[PDB]
């Protein structure tokens, strides 16, 4: 049974609160070296959502990755949040991965919720040489973005990393979740042959907002997601800010399965376009492009989705991945499913498993409308 007082000491959360959280947002589950773990679905105190506690030789807290705040404007805001210098990295469109070595020597890759992903743990050690880093730094949690076209979670092709890849943006200590300063982190990860997310530079605070403006113009015309700005000694939390095309991308995806994204959502992205038009457009023409790009991202995917279902096709998405065997693919399917995702194996040849995700609500509601159902 759950060692509530031990956890109370390791976390700073009173054993009383923890029993209140065992009503709802605190799950006990088997994972790793026959080990019993606790997964904080909801945040609780200093503890972040996605926090996982492993109850082994030592009880290790794998803190959840912290929510990064958003800004819609580069100025005055950057000068209003930061001090002296701003480090500016590339925002990787992928899925958040915390890699840790546990007291059992076992290496584990946590999805944002704190679940171990069988696919992510396999691929993370396949594509990363972690052995020596963890021998020397076993209480540092590698925080990164799994990216690439053959990505079961968020699929964007970053050709320079291959079909599947990884990029570290953080080193955070177990339990305390304290980050290493930016430039030390990059160096340390360099000297173990580990990949850092692209860093555009470190700029004095006066010039930061303009420097970020050019980068974003560059990132947009490349079709990349955007930027994450950081206090070089991480004594100020980060701010994220994204490109217009990044917003058209998400929106276009969202209006392809419009009834699976819980309403706004949609408002939040569009609003980013208002303030960004106010700040980055240097001609009416550009603002015109911005409008055209927004309309088309909305109409055309929704028009094709509707045509599709009209022609008998249910709304689905496929993503072909590398797996070890068909059993492995199946196990990953189950994991997506216990995450509330409609998924099945659609095809399997050698080690390549076609993961099929179904969007039931988009299929149903567009069918009911096409048959004469009333809004």
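Residue numbers count along the first chain shown, from 1.
- Mean CA B-factor, 279-287 versus 235-243: the higher value falls on 279-287.
- In this entry, the higher average B-factor at the C-alpha atoms falls on 155-163, of the pair 155-163 and 170-178.
- The PDB entry assigns the greatest CA B-factor among 98, 122, 293, 305 to 122.
- Of all the options 301, 226, 262, 138, the entry's greatest CA B-factor is assigned to 262.
- The PDB entry assigns residue 105 a C-alpha temperature factor belonging to the middle third of its chain's modelled residues.
- For residue 316, the recorded CA temperature factor ranks within the middle third of the chain's modelled residues.
- Ranked by Cα temperature factor within the chain, residue 325 sits in the highest third according to the deposited record.
- Looking at the C-alpha B-factors along this chain, the one for residue 142 belongs to the lowest third.
- Residue-level temperature factors show residue 78 in the lowest third of its chain, judged at the C-alpha atom.
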